[PDB]
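Protein chains in written order, with the working numbering: chain A, 1 to 94; chain B, 95 to 343; chain C, 344 to 1078; chain D, 1079 to 1794.
Here a beta-carbon is modelled for each residue, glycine too, at the ideal position from N, C-alpha and C.
Heads up, the thing below is written out as C-alpha cells.
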Amino acid sequence: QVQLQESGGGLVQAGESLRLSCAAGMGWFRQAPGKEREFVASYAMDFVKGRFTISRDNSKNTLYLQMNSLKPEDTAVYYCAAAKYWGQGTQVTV
Amino acid sequence: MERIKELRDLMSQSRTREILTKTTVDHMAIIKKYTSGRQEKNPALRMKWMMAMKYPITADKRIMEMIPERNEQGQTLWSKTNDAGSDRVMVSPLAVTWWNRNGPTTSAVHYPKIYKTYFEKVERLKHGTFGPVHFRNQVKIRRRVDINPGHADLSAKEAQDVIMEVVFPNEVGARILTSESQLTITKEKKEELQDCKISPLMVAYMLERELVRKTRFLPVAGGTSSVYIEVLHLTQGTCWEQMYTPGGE
Amino acid sequence: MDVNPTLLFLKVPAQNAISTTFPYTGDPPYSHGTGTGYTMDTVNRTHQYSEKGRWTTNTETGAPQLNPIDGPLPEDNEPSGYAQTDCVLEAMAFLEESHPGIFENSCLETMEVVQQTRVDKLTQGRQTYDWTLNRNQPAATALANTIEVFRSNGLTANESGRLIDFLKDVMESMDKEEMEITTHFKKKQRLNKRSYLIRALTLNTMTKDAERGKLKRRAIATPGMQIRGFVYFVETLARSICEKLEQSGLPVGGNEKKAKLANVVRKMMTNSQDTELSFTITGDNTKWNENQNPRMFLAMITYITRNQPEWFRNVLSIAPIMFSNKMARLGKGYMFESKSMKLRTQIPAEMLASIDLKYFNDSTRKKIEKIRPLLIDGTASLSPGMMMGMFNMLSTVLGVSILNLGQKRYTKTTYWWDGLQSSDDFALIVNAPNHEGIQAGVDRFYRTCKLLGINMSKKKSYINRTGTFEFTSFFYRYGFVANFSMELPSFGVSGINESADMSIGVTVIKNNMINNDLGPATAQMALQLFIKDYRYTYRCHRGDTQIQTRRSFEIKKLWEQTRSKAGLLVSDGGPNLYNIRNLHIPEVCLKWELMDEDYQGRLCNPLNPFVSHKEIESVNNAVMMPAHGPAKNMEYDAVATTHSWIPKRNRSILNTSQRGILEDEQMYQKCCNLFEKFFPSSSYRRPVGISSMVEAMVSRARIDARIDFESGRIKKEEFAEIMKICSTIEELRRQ
Amino acid sequence: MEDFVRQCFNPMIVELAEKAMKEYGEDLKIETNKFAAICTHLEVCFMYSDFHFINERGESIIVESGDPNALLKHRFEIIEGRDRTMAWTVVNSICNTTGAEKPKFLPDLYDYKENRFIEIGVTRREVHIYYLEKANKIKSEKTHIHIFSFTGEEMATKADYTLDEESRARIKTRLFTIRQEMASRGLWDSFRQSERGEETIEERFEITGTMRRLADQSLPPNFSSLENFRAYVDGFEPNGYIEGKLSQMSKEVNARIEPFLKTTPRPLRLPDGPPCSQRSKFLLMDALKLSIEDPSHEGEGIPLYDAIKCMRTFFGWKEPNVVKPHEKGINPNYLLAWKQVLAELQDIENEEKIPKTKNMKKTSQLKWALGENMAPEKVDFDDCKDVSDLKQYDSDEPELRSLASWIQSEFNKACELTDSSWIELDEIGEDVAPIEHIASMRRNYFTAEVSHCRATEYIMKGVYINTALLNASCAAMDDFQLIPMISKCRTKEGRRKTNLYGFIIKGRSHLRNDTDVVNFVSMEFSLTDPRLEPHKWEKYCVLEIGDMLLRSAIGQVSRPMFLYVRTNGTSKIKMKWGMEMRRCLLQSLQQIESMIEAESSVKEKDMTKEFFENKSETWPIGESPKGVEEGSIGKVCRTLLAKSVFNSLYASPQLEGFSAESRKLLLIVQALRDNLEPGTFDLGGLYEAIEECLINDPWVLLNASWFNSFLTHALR
RNA sequence: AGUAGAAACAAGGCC
RNA sequence: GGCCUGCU
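Given below as C-alpha cells:
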C-alpha cells in the first residue's frame, strides 16, 4: 500500500549540501557499498547530528532530509522508510 | 407558637412564598450568602472614615425598644433608617457605651466556662514564674508544632460530630460516636453547658477550637511544648532567652 | 556635613539593614481611572510574543486564535511563547520517573474530591464575573444568578447538589439554541448560541491597586462562574501534586519556604566538594503569565491523567479547553475631556471596535489599531497565554519539572543544578567543577526554559556565589534575615471592629515578634502607638482626660460610675494593661477579674442588639490583604462582647437600577433566619437534602410541638392550634 | 405493573413514594416492583397509624373521623414518609425527649402507651422468618416489631399486639385485596422475588456537542482531534527530544554571565530640567510657632480658642502685602482670604463660647482658591461627538525636573535635635519580667534620643493635620471649614506648651473613591525670606504679615515675618496614610534595635547602655567635603527616623520603583564587596529600569544622588 | 489654579 | 428653593 520514491541524490563536493526528498512515522536510512543499513534520521544518529535535518510536509505527503557540510563518509544509497515500507533508495556520493 | 406564625406570615406574601416553595434545602447556603455587599479591600481606611460619621454601626431592630433615641444632652443613639440589605438599623457608637453603663445586666458567671481556652491562658500566665534573661545567639530552627494547648486529640471532622451532639443533639443524624473519649467529652461538656444561653454557634465554635488539634510551622529554639509555644514571643528572641515556667507546671 | 542614610551600608551589610530600603510608610500607588489601556496592552503583548505561530478561526466563537505550540525555535533572547509539545511531555515524563506514583496517586485523591465535592464550595470565593449582568459580583450572588437562569432554561441537574452535576449542566448549556436572561432598567432577553458561548468564555479585566514595588500599573482578570468549577478541580490536582514535590514552594507558607530554601542551599553546597564551585542565581521570569499557553497545560494534565477513568480525564481537561478559547473584556472604557466646551464623557470599552480613532493619543491609537482584529462582540480573544496567574499551581509544576530536569542524571555532564520555584520567581543553585561548567549549566538551563515557554528576566536577575541570595522579599545571607518592613502596613487598626481590631493588633505584634524578629522595646513602642491610634480612631480615650469628642460624655459617665476603673476596656475608655507578656490574651479575659459585675454583665450580654454571627466560617476570621502578597485570612482570639458590632454597608445600591437586589437580600435573609430558628444547626453545618423549605419547616413544627408537649410549655390547645396552622400553611402552599 | 399504582392508590401515597424513589437516586423505569412493595408498606403504615387517637388517658380513642376539637392526638406518629435527614431528626428528638434508646435503623411509628417504636414490614414471604431476619438485622432492640404477610397471618414477640383487632382485620382485608387483585393482574412470576439489593452506578462525564469541537481546536498545530492527541500522549515515551532541539536551537540563545567588577558599575544619571519644587502639605524647615505655655495635653483643649490665644501672644501685625506671587494664580485672592480668616477669627473671639469647629463663608476668593465648580459637567457621548477639542485626558510622562540643594538641607535639619519633647507616649502594663524591664529601658533610651527631633515634630504635625482634615471632610462635606494647625510640646523646664503654625481651610470633600481629591488652602507663618530660593516655592504665594523680635545679643533682630499661602490637595488614602506616620518611629527604632541585638549576640551581654552613653562606636551617616562622617547610635536613630518620615511625606510610585530597582543593585554591590564573584546577565537593563523611576520627585532624586555617592565611596 | 501621573479628581444621579 | 447617596 505505501510506495515510496526518493529524489535529490547525486555527486557533490565535500562540505556541500544536498536535500533528499521522499514522496509517499518515517525514517531515513543509508547503505554504504560494503555494509548493511545504517540509521540516519527519523532523532538523528551521532555520525550525522547537527549536519543533517529531517522535516515533513504531511499536506504534500513528503519527507525531506536536508544534508549540509557533507563528508566522503556520507557516500551511500539513502533509503526512505515508512512504519515495513522501504523505498528503492537514492545514490549520494560525496 | 411564634415561629410557625412568622412562617405563615411569610407564606402569606407571594414572593416569600415562592422563595420558600421553589428553593431546596441544599441551596440554603447559597441564598444565605446571596448579597450585593462586596468584601472590603481596604478595611482600615473605611473604618477610619466611617467612624467620623453619625450612626456608623449597625444593630438589630430591638435596640429601638431598649435604648432611648437620645441621651441626656440629646446626642442621638440610634436611627430608625434600616441598613441597605437588612432589617437592622444604623446606630451611633454611643449606643454601645450607653449599653455598658445603663443597659440590661445579666449573670456572666458562665462565660469563663464557655471561653475555656482564653481563661486557661490567663490562669496559666498569672501563676507563671520568670527567670533571668540570658544573652546569647539563639539558633532558631523551623519546626512544625501544635499551638493549641487544650486539644483533646481530635481532628476537625472527628470533633465536629461531638460538638453537634453536645450542642445540637437532634441534627446529629446517622452518627453515634463510638470512641469512649468522645463519650466522656460529650457528657462533661453537656452537663457543664446545660443552660448556657450565649449562642449555639459561638459555643460550637469555641468547642471546636478547644477540642480540635491544630498545628503550624514556626521558628523555635528549645521549648517545643504546647504550653511553651503560646509564650514563644516572650521566651525566645534574636539574641536573648527568657526562662519561663507557666502556672500549669 | 550632609546626612546620607545610604552610606550606612558601608558598615552594615546590605541584608542586615535591608529594612531601610522598603518605603512602606507612605501611601502605595493606586490606579485612578480605566484599566482598558493596560488590558489592550497586555493582549497585544501576549499576541506579539507568539507572532510566529499559526492563525485559525474558531468555528464556534468565530474569534481569531493564535497557536504557537511547536512553532519555530527562538533565535533571540527576547520573550517567546513557542513551547514544544514533545519537550514538555518529556519533562513531565522525567518528573514522573524521578517521582514514581505521583500522578496516579494525585489523580486518585482528586477523583475522590471531585466525586464528593458539593456546589456550595463555589461560594467560598471572592469577586467573580457574573455574565447574567456582565459585571463583577460576589461569588455566591453570581452562582445563585446562574443557577436561577439555568433552572429557568431547563437545566436542573444541579438540583442534585453536586458540583460535577453543575458542570454537566454548564456543558449542556453550551449546546442550547437560545437561552434567556433577565435585565433591570424587568426585561427578558434572548441569547443565541454564539453570544452565550462568548459570555461564558469571557474574563473581566480590572486594574490592580495597592501594588508596591513598581512604577507602572498592571491589569488583572477575573473569570466567570461556568469555568470556576473546572479550575477548582484542576487546582486541587495541582496542589495534591505539588505537595509531593519538595522543590515547589507555592502551596506552603513563608516559614516553610525559608526552611526549604535553607535545606536546598545546604544540600547543594555541602555535597559539593572543594573542587566543585557553587553559584546561586536569583532569577525572576519576565512576562510569566503571558507566555504560558493553555494548550500546554492541557497536554500536561492529559499526560498526568493517563490510565485513568475517561470521565475524570474529560472533567479535568474541560478547563484548559476553555482557557485556550478564553476571551477578555477590554474594561471599564475611556473618559474624554473637552476644555473648550468644559465637559467630560465616558465611553464604554465595547465601542472600541467601531469608535473612530480621532479621540485617542498615538499610543492608544496604535494599541486599538493592533487589537481591533481580535475584537469579537466587545471582547478580545486571548488564546495565546494566561492572563493573570489563574493556573498558579500548574505553572509551579512546570517550573519544578524544569528544576528536576537537572538532577545530574539527565544533564549527562559534570555540572548540575537544583533550587526552588514559586511562580514568577526562583532561586537556582548550580554546581560545576569550573566557571566554564557553571556557565554551560546556566546556559543549558536557560535554553531548556525557553523550550517550555518560560523566560528568564535578565534585567531583574543576577548570579553570585552561594551563601547570599533573595527569594520573594526573603533575603538569605548565611541564614535568613528579618525585614519587618513588609509587615509594617499591618500595624494599624485593621478595620473590622473594636474588639476585633484590638485582638488583631496585639496578635500581629506577637506574630511579628515570633517570626520577623521584632525587638522587645520595638514591640512595646508598637503597642503604645497602636493603642494611641486605636483610641484616636474609635473616639475611646482614657476617660480621665478632657479630650472632647462625640463619645467623650458617655465614656466619662461610665468612668465616674465604675468603682474598679482598671477593669474597663480600652474601647470604653479604660487603662491599657497590655505588655510583652500579655500579647496572647484577649482584652476581655485579661481584665475579667478587675471588672465590676454590673459593667461585666452589661458588656457580655447575649441579648445585646449589636453582636451578629452568620456562619461558623465568619466567627473570628478576618480577611487582611497583606502588602506584597495575595489576600489572606487570620484567626483572631476575641470574646463576643457588645463591641463586636459589624459596620455599616455601602448603601449606594439605592440609586441604581439594581435596587431590587436589596429586597431579594432582605427576603432571603428573613427566610434563612426562619429556617435557622427551625433548624438551629443551619449555620454550623450547612443543611443537605433535596426537599424544599416549607416541607421541612412545617414537618418539624409538627414534631417539635408534639414532643415539647410530651414535656414542656406547650398545651393541648396550643399543640392542636399548631397542628391546624400547619395544615393551613399546607393548603396555602397548595394554592 | 405501574398501571396498578396508577389505578388503586391515592395521590398522596404515590407522590410520597415517588419522592422516596428520588431519594436514593435509582430510576423507576428499570424496576418498579420495589415502588409497589414500599408504597404498600407506606400504605399499611398510614392505615395503621391514622384513625387512632388518644386523650389524656391511655386506652386510645378510636374515631372513624376526627371531630372538630383539641382532641386530635394521634395514637401512632409516623417515622417513614419523610427524608432520611428528618427521619433521623425525629429519631433523635424522640430519644432525647422520651429518654429511650436510639435505634440504628429506620423505625416506622412511635406510640405513647408503651413509649416506643414500631417497625412495620409486610413482606411477600411468611412472617415467621422475616420477623427474626429483621430482628437479627437490628441489634439488641427494645422497639417492638410487628409484621404481616399475604397469607393473612400475624405475629409478634411478647405475644404483644398493640391495638384493636378490628384494625388488624382491616389490615389483612387490605392485604388480600392486594393479593387477589394482582390475581386479576398476574404478577407473581416476579412479585415474591423482584428486589435483590442492587447498588451500583458509573459516573459519566461525556464531552459532546459544541464543547467537543472546542476541544478539537485547543490542540498543538498538527493535531486534528482530542482522541488522536490523547492517543499520542498515551503512546508517547521519552526518547531524547529535548537534546535534539537543544542541539538544533540557535546558539545565540544564551545566558552568558558578565563579570561584575569595581570598574563595572557607573553612576546613575539624574534627569535634567527646571529645579525641583516643594511638594509637602506643610512647611517642614521654615515653620514658626506661636505659643501660650498652657498645661493642656495633645488632644486636650478646643482648637479655635487655643489658636486665637496663641495668635494674640504676638504683637506687630501689619497690613498684609504681596511679596512673592504664586506665578500662576490670583494672589489678591490669597490676600483677601488671609484677611477674611483674621476677621472671622475676631468674630469668634467676640461671641460667648468659642465653637469647637467653625464654618467659613463661601466667597469667590475661596471658591477660586479651593477649586469649586471647575470639574467639567458629565454628559453623554452621543451629545458631544462633533467637538474638535474633545479628546482623552492628558496621559504622558510627568515633567522632568533636576534635583536642587534645598532638599538636602531640609533633610539635614530634619535630623537635628530640638529644645522640646514632641512625643508623649501612652501607658503600658507595669513591667513584670526582667526582659520587660530591659525592653522598657531600651525604649526610654530611644525616646530620650528621638523625642527632641524635628522628625517627631513633623510626625505629630502630619498626624494631627491629616486627622483633622479627614474628620472635617467626613463630617462637613459641603461647607468650607477652618482648622488651626496645632501641636503641643513640653519644654526642657517641663512646662507644657502649645504651638500654632497656621491655618487650613478645607473645601468641598464629597470623596467617593479612594483617589478622589479634597482641595484645601494652607497658610503658615514663617521667617524664611522666599527671595533666596524661589524655585523651591513654585506653587506658593508668600505675603508679608508682620515683624518678630527674638532676643539676640545683636540688639534685637526685628526680623520680617511672612505668610506662606498655597492651594494643596489630598485624598482619603493619602489622609489615612499620613495619619499613620507614627510607624516611622517603629521602622527606625526596629532597625536600631536589630543592630543592638545583632551586636549583643556577639558579646553575651546587653549592649544598649554603653552604645547610648559611651558613644565609642559610630556608623557612617553622612559625608562632608573632608570625607565620610560617622555619628553615634543616637544620630543614626534620628537619621533613620527622618528617612522614614520623608518616605511617608514624599511617597510616590517613583519612590517604590526606584527603591526596588536600586535595592537590586545594592544587593549586587554588596555581593561584590563580600568577594562572592557576582555576575549579571543584563546590567544595562537594570540601569535603565532604575533610571526610568527618576522623573521629578525631590525625594527620589535625593535618594539617587545618595546612591551615587555610596557607589563612589564604595567600590574601593 | 491645585492634587496626581500613562488616567483621573476638582461631587453624582434622580426630578 | 425642597428631598436621596457616598466601595455598587
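{"Query": "Could you spell out where the alpha helix (DSSP H) holding residue 1445 (chain D) opens and where it closes?", "Result": "1442 to 1447"}
{"Query": "Could you check which residue in D:1606, D:1258, D:1534 has the C-alpha nearest to that of residue 1722 (chain D)?", "Result": "D:1534"}
{"Query": "Between residue 872 (chain C) and chain D, is the shortest Cβ-Cβ distance under 7 Å, so that the two count as touching?", "Result": "yes"}
{"Query": "At a CB-CB cut-off below 7 Å, which residues of chain B make contact with residue 1167 (chain D)?", "Result": "264, 265"}
{"Query": "Report yes if the C-beta distance between residue 1575 (chain D) and residue 1360 (chain D) is below 7 Å; otherwise report no.", "Result": "no"}
{"Query": "In the DSSP assignment, find the unbroken beta strand (DSSP E) run with residue 1380 (chain D) in it and report its ends.", "Result": "Taken as a continuous stretch (DSSP letters only), residue 1380 (chain D) belongs to no beta strand (DSSP E), as it is neither H nor E."}
{"Query": "Tell me which residue opens and which closes the alpha helix (DSSP H) that residue 278 (chain B) is part of.", "Result": "274 to 286"}
{"Query": "Note down, in chain order, all residues in the region 1565 to 1596 of chain D with a beta-carbon under 7 Å from any beta-carbon belonging to chain B.", "Result": "1592"}
{"Query": "Assuming residue 78 (chain A) and residue 92 (chain A) form a contact by the criterion Cβ under 8 Å, report the distance between their Cβ atoms to the nearest whole angstrom.", "Result": "5 Å"}
{"Query": "Do residue 933 (chain C) and residue 925 (chain C) come within 7 Å of each other at the CB atom, strictly closer than that value?", "Result": "yes"}
{"Query": "Hey, quick one: how far does the beta strand (DSSP E) through residue 1222 (chain D) stretch, first residue to last?", "Result": "1222 to 1226"}
{"Query": "Take every Cβ of the region 870 to 888 of chain C, pair it with every Cβ of the region 915 to 922 of chain C, and state whether three or more of those distances are shorter than 8 Å.", "Result": "yes"}
{"Query": "Can you grab the Cα-Cα spacing for the pair residue 1086 (chain D) / residue 1154 (chain D), in whole Å?", "Result": "25 Å"}
{"Query": "CA-CA distance, residue 684 (chain C) and residue 1471 (chain D)?", "Result": "14 Å"}
{"Query": "Give me, in chain order, the residues of the same chain whose beta-carbon lies closer than 6 Å to that of residue 1101 (chain D); leave out the 5 immediate sequence neighbours on both sides.", "Result": "none"}
{"Query": "Quick one: list the residues of chain D neighbouring residue 270 (chain B), beta-carbon separation under 9 Å, in chain order.", "Result": "1180, 1182"}
{"Query": "Assuming residue 312 (chain B) is part of the beta strand (DSSP E), what are its boundary residues?", "Result": "309 to 314"}
{"Query": "If we define contact as Cβ-Cβ less than 7 Å, is residue 231 (chain B) a contact residue for chain D?", "Result": "yes"}
{"Query": "Return the residue from the list D:1643, D:1776, D:1421, D:1375 that minimises the CA-CA distance to residue 889 (chain C).", "Result": "D:1375"}
{"Query": "Any beta carbon of chain B sitting closer than 7 Å to that of residue 1553 (chain D)?", "Result": "yes"}
{"Query": "What span of residues does the beta strand (DSSP E) with residue 80 (chain A) cover, start to end?", "Result": "76 to 82"}
{"Query": "Pull out every residue of the region 1298 to 1320 of chain D whose Cβ sits closer than 9 Å to any Cβ of chain A, in chain order.", "Result": "1300, 1317, 1318, 1319"}
{"Query": "Can you grab the Cα-Cα spacing for the pair residue 3 (chain A) / residue 1319 (chain D), in whole Å?", "Result": "29 Å"}
{"Query": "Please list the partners that residue 1325 (chain D) has in chain A, where partner means a Cβ-to-Cβ separation under 7 Å.", "Result": "49, 50"}
{"Query": "Starting from the Cα of residue 291 (chain B), find the closest Cα among B:204, B:275, B:327, B:128 and give me that residue.", "Result": "B:204"}
{"Query": "Pull out every residue of the region 143 to 160 of chain B whose Cβ sits closer than 7 Å to any Cβ of chain D, in chain order.", "Result": "143, 146, 147"}
{"Query": "Would you verify that the beta carbon of residue 1295 (chain D) is, or is not, closer than 7 Å to some beta carbon of chain C?", "Result": "yes"}
{"Query": "Three or more C-beta pairs closer than 8 Å, one from the region 529 to 547 of chain C and one from the region 396 to 406 of chain C: is that the case here?", "Result": "yes"}
{"Query": "Could you have a look at residue 585 (chain C) and say whether DSSP puts it in helix, strand or coil?", "Result": "helix"}
{"Query": "Mind listing the chain B neighbours of residue 1003 (chain C)? Cutoff is C-beta to C-beta under 7 Å, in chain order.", "Result": "By Cβ distance, chain B contributes nothing, its closest Cβ being about 10 Å from residue 1003 (chain C), past 7 Å."}
{"Query": "Under three-state DSSP, which class holds residue 836 (chain C)?", "Result": "coil"}
{"Query": "Can you name the residues that DSSP bridges to residue 764 (chain C)?", "Result": "C:591, C:769"}
{"Query": "Any idea if residue 254 (chain B) is buried or exposed, counting beta-carbon neighbours within 10 angstroms, 16 or more meaning buried?", "Result": "buried"}
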